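Coordinate analysis (summary)
Here are the chains, one letter per residue:
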Amino acid sequence: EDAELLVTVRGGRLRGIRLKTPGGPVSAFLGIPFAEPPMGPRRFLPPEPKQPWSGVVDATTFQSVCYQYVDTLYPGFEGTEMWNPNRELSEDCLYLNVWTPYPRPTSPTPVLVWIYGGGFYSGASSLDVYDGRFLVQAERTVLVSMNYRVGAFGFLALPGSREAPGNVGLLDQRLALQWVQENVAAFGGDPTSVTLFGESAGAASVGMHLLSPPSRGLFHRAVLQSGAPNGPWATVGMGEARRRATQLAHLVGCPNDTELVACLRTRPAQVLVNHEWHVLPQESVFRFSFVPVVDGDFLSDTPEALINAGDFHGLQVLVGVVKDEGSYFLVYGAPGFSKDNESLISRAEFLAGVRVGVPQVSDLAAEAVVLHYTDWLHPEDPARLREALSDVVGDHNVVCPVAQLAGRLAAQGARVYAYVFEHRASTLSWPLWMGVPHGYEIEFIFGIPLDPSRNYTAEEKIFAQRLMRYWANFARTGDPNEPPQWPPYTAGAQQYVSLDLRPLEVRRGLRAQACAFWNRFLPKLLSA
Amino acid sequence: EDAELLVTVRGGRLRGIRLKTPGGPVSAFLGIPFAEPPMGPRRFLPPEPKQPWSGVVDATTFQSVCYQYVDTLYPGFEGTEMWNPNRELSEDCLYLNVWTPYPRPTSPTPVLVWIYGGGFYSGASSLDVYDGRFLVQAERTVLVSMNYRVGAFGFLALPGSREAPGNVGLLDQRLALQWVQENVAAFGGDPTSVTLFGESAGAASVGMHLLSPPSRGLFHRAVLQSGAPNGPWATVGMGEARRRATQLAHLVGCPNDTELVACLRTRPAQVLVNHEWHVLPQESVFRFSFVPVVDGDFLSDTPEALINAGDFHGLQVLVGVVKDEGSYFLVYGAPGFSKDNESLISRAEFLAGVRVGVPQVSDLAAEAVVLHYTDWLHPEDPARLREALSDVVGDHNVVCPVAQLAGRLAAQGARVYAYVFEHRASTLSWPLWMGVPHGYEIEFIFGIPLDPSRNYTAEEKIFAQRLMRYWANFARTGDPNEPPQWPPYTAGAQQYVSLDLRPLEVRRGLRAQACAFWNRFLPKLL
Ligand SMILES: *[C@@H]1O[C@H](CO[C@@H]2O[C@@H](C)[C@@H](O)[C@@H](O)[C@@H]2O)[C@@H](O[C@@H]2O[C@H](CO)[C@@H](O)[C@H](O)[C@H]2NC(C)=O)[C@H](O)[C@H]1NC(C)=O
Ligand SMILES: *[C@@H]1O[C@H](CO[C@@H]2O[C@@H](C)[C@@H](O)[C@@H](O)[C@@H]2O)[C@@H](O[C@@H]2O[C@H](CO)[C@@H](O)[C@H](O)[C@H]2NC(C)=O)[C@H](O)[C@H]1NC(C)=O
Ligand SMILES: COc1cc2c(cc1OC)C(=O)[C@H](CC1(F)CCN(Cc3ccccc3F)CC1)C2
Ligand SMILES: COc1cc2c(cc1OC)C(=O)[C@H](CC1(F)CCN(Cc3ccccc3F)CC1)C2
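About the thresholds
Residues numbered from 1 in each chain as written, not as in the entry; some residues may be left out. Chains lettered and ligands numbered in written order. Heavy atoms only, no water. Residues with missing side-chain atoms left out of burial classes, pairs and counts. UniProt positions renumbered as here; feature names shortened; annotations may be inferred. Near = heavy atom within 4 Å. Polar contact = N/O pair within 3.5 Å; in protein donor to acceptor, adjacent residues only side chain to side chain. Areas by Shrake-Rupley, 256 points an atom, 1.4 Å probe, with all protein chains shown as cover. Nonpolar A, V, L, I, M, F, W, Y, C, P; charged D, E, K, R; others polar. Contact = heavy atoms within 4.5 Å. Buried area = accessible area lost by both parts, 1.4 Å probe. Salt bridge = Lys/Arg side-chain N within 4 Å of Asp/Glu carboxyl O. Helix = DSSP H or I, 4+ residues; strand = E, 2+ residues; numbered from the N terminus. Buried < 20%, exposed > 50% of the residue type's maximum accessible area, 1.4 Å probe, protein only. Pairing = 2+ DSSP bridges. Disulfide = S-S within 2.5 Å. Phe/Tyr/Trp six-rings, centres within 6.5 Å; stacked < 30°, edge-to-face > 60°. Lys NZ or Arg CZ within 6 Å of the ring centre and 35° of its normal.

Per the PDB entry, chain B goes by the name Acetylcholinesterase and belongs to Homo sapiens. Its PDB title, taken directly from the record, is "Crystal Structure of Recombinant Human Acetylcholinesterase in Complex with Compound 12". Quoted straight from UniProt, the Catalytic activity entry for chain B says "acetylcholine + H2O = choline + acetate + H(+)". The heading Sequence similarities in the UniProt record of chain B holds the text "Belongs to the type-B carboxylesterase/lipase family."

Looking at the PDB entry, one finds chain A named Acetylcholinesterase, with Homo sapiens as its source organism. UniProt lists a comment for chain A under the heading Function, and it reads "Hydrolyzes rapidly the acetylcholine neurotransmitter released into the synaptic cleft allowing to terminate the signal transduction at the neuromuscular junction. Role in neuronal apoptosis." UniProt, in the comment section headed Sequence similarities, describes chain A in these words: "Belongs to the type-B carboxylesterase/lipase family."

With respect to the site of ligand 1
Residues and elements named next belong to chain A. Neighbouring residues of ligand 1: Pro335, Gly336, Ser338 and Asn341. Backbone polar atom of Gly336 to an oxygen atom of ligand 1: 2.5 Å apart, as the coordinates give it. In this structure, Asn341 approaches ligand 1 through a side-chain N or O atom, which is 2.3 Å from an oxygen atom. Here ligand 1 has 700 Å² of accessible area as a free molecule, and 30% of this is covered by the chains. Considering only residue class, the shell around ligand 1 consists of one nonpolar, three polar and no charged.

Observations regarding the interface of chain A and chain B
Counting residues at the interface gives 20 residues for chain A and 20 residues for chain B. Here chain A packs against chain B, burying approximately 1900 Å² in sum over the two surfaces, 68% of which is carbon and sulfur. At the junction of chain A with chain B, the criterion picks out one salt bridge. Residues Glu367(A) and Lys524(B) are paired through a salt bridge, measuring 3.5 Å at the closest nitrogen-oxygen approach. Counting across the interface, chain A meets chain B through five residue pairs in polar contact. Counting only elements with at least two residues in the side of chain A that touches chain B, the list comes to α12 (363–373) and α16 (512–526) of chain A.

Considering the UniProt feature "active site" in chain A
All names here are of chain A. Under the local residue numbering, the UniProt record ascribes the feature "active site" to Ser200, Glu325 and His438. For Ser200, the location among the structural elements is in the loop between β9 (189–199) and α5 (201–210). We classify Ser200 as buried; its relative accessible area is 6%. Discounting chain neighbours no more than four positions away, the residues touching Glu325 are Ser226, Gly394, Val398, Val399 and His438. Separated by 2.6 Å, the side chain of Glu325 and the backbone nitrogen of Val322 make a polar contact.

A short note on the pairing of strand β4 (residues 24–33) of chain B
All names here are of chain B. Among the 10 residues of β4, nine are classified as buried, and the element is accordingly described as predominantly covered. As defined by bridge partners, strand β3 (residues 17–21) adjoins β4 across five bridges and the pair is classed as antiparallel. When the bridges of β4 are listed, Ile17 appears paired with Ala28.

Some details on the UniProt feature "disulfide bond" in chain A
Residue and element names in this part refer to chain A. For the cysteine pair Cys66 and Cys93, annotated in UniProt as disulfide-bonded, the sulfur atoms lie 2.1 Å apart, consistent with the bond being present in this model. Taken together, the positions of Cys66 in the loop between β5 (56–58) and α1 (78–81) and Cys93 in the loop between α1 and β6 (95–101) put the pair 27 residues apart, joining distant regions of the chain. No difference in accessibility class separates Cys66 from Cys93, as the two residues are buried. Checking the UniProt disulfide annotation for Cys400 and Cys515 gives a sulfur-sulfur distance of 2.1 Å, short enough (under 2.5 Å) to count the bond as formed. Here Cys400 falls in the buried class, since its relative accessible area comes to 0%.

Observations regarding the UniProt feature "binding site: galanthamine" in chain B
All names here are of chain B. As recorded in UniProt, the sites labelled "binding site: galanthamine" are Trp83, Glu199, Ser200 and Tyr328. In this fold, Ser200 is placed in the loop between β9 (189–199) and α5 (201–210). Along the polypeptide, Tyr328 turns up in helix α11 (residues 327–330).

Observations concerning the pattern of salt bridges
Under the criterion given, the structure shown has 51 salt bridges over all chains. Of the charged contacts in the structure, one is a salt bridge between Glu387(B) and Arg386(B), with a shortest N-O distance of 3.5 Å. Residue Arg386(B) is classed as buried on the basis of its relative accessible area, which comes to 8%. Notably, a salt bridge pairs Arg502(B) with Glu505(B), separated by 2.6 Å at the nearest N-O pair. Given the relative accessible area of 33%, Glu505(B) is considered partly exposed. It is possible to trace a salt-bridge network through shared partners that takes in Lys323(A), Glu422(A), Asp500(A), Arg502(A), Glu505(A) and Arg507(A).

Some details on the packing of aromatic side chains
Enumeration over the complete set of coordinates arrives at 79 aromatic pairs over all chains. Ring geometry for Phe517(B) and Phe521(B): centres 6.4 Å apart, planes at 40°, overall tilted. Here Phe521(B) and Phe517(B) lie together in helix α17 (residues 512–525), a separation of four residues that amounts to about one turn. Per residue, the accessibility class of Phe517(B) equals that of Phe521(B), and both read buried. Sitting over the ring of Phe219(A), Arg216(A) keeps its end group 5.2 Å from the ring centre. The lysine or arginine in question, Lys339(B), covers the ring of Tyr74(B), its NZ or CZ lying 5.3 Å from the ring centre.

Section: the state of the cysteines
Residues and elements named next belong to chain A. Evaluation of the coordinates by the stated rule reveals six disulfides over all chains. The disulfide that involves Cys400 links it to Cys515, with 2.1 Å between the sulfurs. Torsion about the S-S bond of the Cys400 and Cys515 cystine: about -85°, corresponding to left-handed handedness. By the burial criterion, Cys400 is buried, and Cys515 matches it. Each bonded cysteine of chain B is numbered by sequence order, and under that numbering the disulfide pairs are 1-2, 3-4, 5-6. Disulfide partners in chain A, listed by the sequence order of the bonded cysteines, are 1-2, 3-4, 5-6.

Right, here's the structure in full:
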């Protein structure tokens, strides 16, 4: 037997598994329980810590995925299936994963913690694109990732109630971060140098840990990829959380908060999932039913407020976006879009698609969106309208939320590095018109191109290794630069770098013109 | 007695004068009475036709300039003085001028009628840059220009009242155009080929005659240079008109509309003028106290509505703007601006300037302006801010009004040609940073560079003869072309031409992205 694959944590003993990468072996401990299964009367409640166990927990395989909707948009299409659960669904899903070099480091190694995205309704640590083995080998960090509850199980909120307080998925994350503090050294990780990194709802989560004091003590650096806590989709007010929870009850046959939540616990998990999307208040895309709630507890105020008021001296942050943030979301409900044609929409479809991409704004607000995003020299050109609506959805939801976060963090004392990821993966199966879509940088960050049994080019394997160097550099020193230079982003110079097969190129302004509209002007309009 | 300088019209007989040009001679009839002097009891009242006369009126010099404010911003400076009155100020001022070829034409000749600008508060047909002798000599047309009352005397309204109905200055113009219909034939002109053209408030006036059916029978074609009736300064609502009249009265000692007007009527013309600028409701630029009023009579609705509703089939229109419409106005009130330095304003001065250039809008509207006109990669670059405030004032008051007009006119039946004047005169005396300012294409249209005693280049003289040809061709045929082409402006293609020393170049969209803001979004916000 191998003693590098045997580890004792506070709760008990663990057997890991040796994993093979093209560059060497890696120790993996998959499926370590870190909470009491949130089942039956624990559904919707905050997570209890895992009671200790006797015997040796088997940690050689990924564990269950938390209950979530499964995407049926293009059944069997790799572009959608690569995100769908690849383990059984269960409510007994609160496990985490640790990947470490082989043999286990004998001296403290920096730790990266991966929080996955999925709009807070989906996701799992077991997806192929989140495979830790290549980063761990190439860059000799410790990598942790965890499963957190999603959909109604993680974020259904009857605010003020004791039976469904909201944000328990976030608390799941916090407990994994606490677990890392007490146990990561048993694997060679240094609990005093922990970097969070996430994408989409995972970047939004990272950001919510920045703005929540009880979590801020649990990590030291943050990477936010294509997401931010101040996005219009990442949080919901108390009022609307209660409406959405209440309508979910009605849709599954349920009727006083106590009595309501009681009835919900008796339903099969799948039953709640089936009605998830029907509690959205209008036809939308990039909007999700059960998301974090601003209730004064986990967030004492809105993330936009806590950002504008924070002191971020001592913080290093790496933030960035893909080149075509919006394009992917359009094939989920914008009129005239499909992955199977050119989606050369008409002006009437563009106008229709604008109310779908920007839901619950006034007609005056939507008008202003159409003003800024029409080329009035070419007001009905189909290719121009397709790209324009893509820019609407991507700017409103990702790029300008991110650009505001960066600018306020920088002008308040944090050191910020900003990127735009401009490489379309040669293996990408979505049509060419989607450009570089939401999510398709993750594979390069995790170094999946180095997997020989996949079809990436030689120049892409090198790109991948550059990216894993930047990230791991940032994790070790709060600076991606290997000591052309990657400058910090400031509110004035607004400098960022392009990431692609070409060397680093420095630019200015994350869509600075468009983001004045969404960040400066549009709030003032909604206030009158 | 040269009989080419002797003409009889329905009022009586006229003696003209024979003027020299580089190219030959021209008959001129300057100072023809077309109205009874609007004096004493006739102040503020609609114009009354000139009662017929015995003897020969001797129409051999320009008559007086109607009472108006005199610009004193840079005293002595050629740039401001060239627009100030060159004849005496008098309420007896309703005279018009006819230029015609020497000898007078035998075959009926197309007529150009000129309506001067000056923001509805100033101006005169007798200014040097409106000298008709060169157009007439070079292009064989009849040219008419008239004086019309300005300031309070032309546009003070107490709407509804019989003693001060407003729009009387426009009725002065209308009366001149009736005069042109009954009488231009005697000068060999053709009353069935009349082309109105004007600039700034003159163009706004031309547009109001398009939209007013009684004027519409008096002409056939139109040219609007750097102005339009839908501009935010060219009209005022009945209520704001009455307020401004009533404050003018209180300011000069006057207290019932009949009693109020009668008291105003006893004040020296100069006393009214001296209080004109004080009745404006905000600190502003490009806003003028007494302007046409929308009262259901002359204008049955706002020009915006009348445009949007009008059937313009059968009309040909030539419209355009200079390259930097707004710059010239900033030295009259925007903080940090001067003709005498380089005017590199700060961000704080820029924001302050926006409230001056866009007055009477909400803070929200003002913020929307600051958004569209800031470069957010260079938010505090003084040179970018100067050019941006220039574009704010120019787009809001001229370019976008003109563009909406052109668009709707083409969409709704009219043939339209559009231009951007892009040549900075060599003799221009305003600073470089203002570019090609408001008003400085006019001298090239009237052929002033052909005057030997001025210092224009040989290029500028060729360019002026080009422009006079375009304008004259348009007046004759409704098409500035003659057998590179100048294409019609259309609502979809938005095609226009650049006028400068280089040959015609076709461009696309009159500041289309900007004007979407002012013409589509901004109203909906208000
Ligand atoms: C691009 O496709 C969309 C989506 O249509 C679906 O996918 C196509 C590949 C084809 O299989 C269609 O039959 C599918 O319905 C087209 O928009 C649809 O147009 C149909 C009419 O044929 C209409 O009934 C649907 O409502 C439309 N769907 C949406 C989401 O608006 C679109 O016309 C195609 N674009 C082209 C051909 O340029
Ligand atoms: C450009 O000039 C303006 C106007 O100032 C006037 O003209 C100058 C040529 C000089 O003669 C000044 O003394 C005149 O008052 C400047 O703005 C003025 O600044 C003064 C302070 O010196 C201030 O009292 C006035 O309020 C300002 N006037 C306005 C209309 O804002 C401006 O500073 C000059 N720009 C430069 C030098 O870059
Ligand atoms: C079931 O009715 C709906 C389903 C969805 C929407 C709207 C619906 O009705 C309004 C979306 O907007 C969702 C689309 C994504 F939001 C878009 C891209 N992802 C891929 C992805 C997953 C994880 C991490 C990164 C990533 F890029 C899939 C879902 C689904
Ligand atoms: C006395 O207080 C003011 C005086 C003026 C303004 C504002 C004031 O206080 C707010 C303007 O904005 C006016 C300036 C023009 F706006 C610019 C110069 N022109 C000359 C001109 C005349 C005819 C045709 C074209 C042309 F360019 C006229 C006035 C003056």
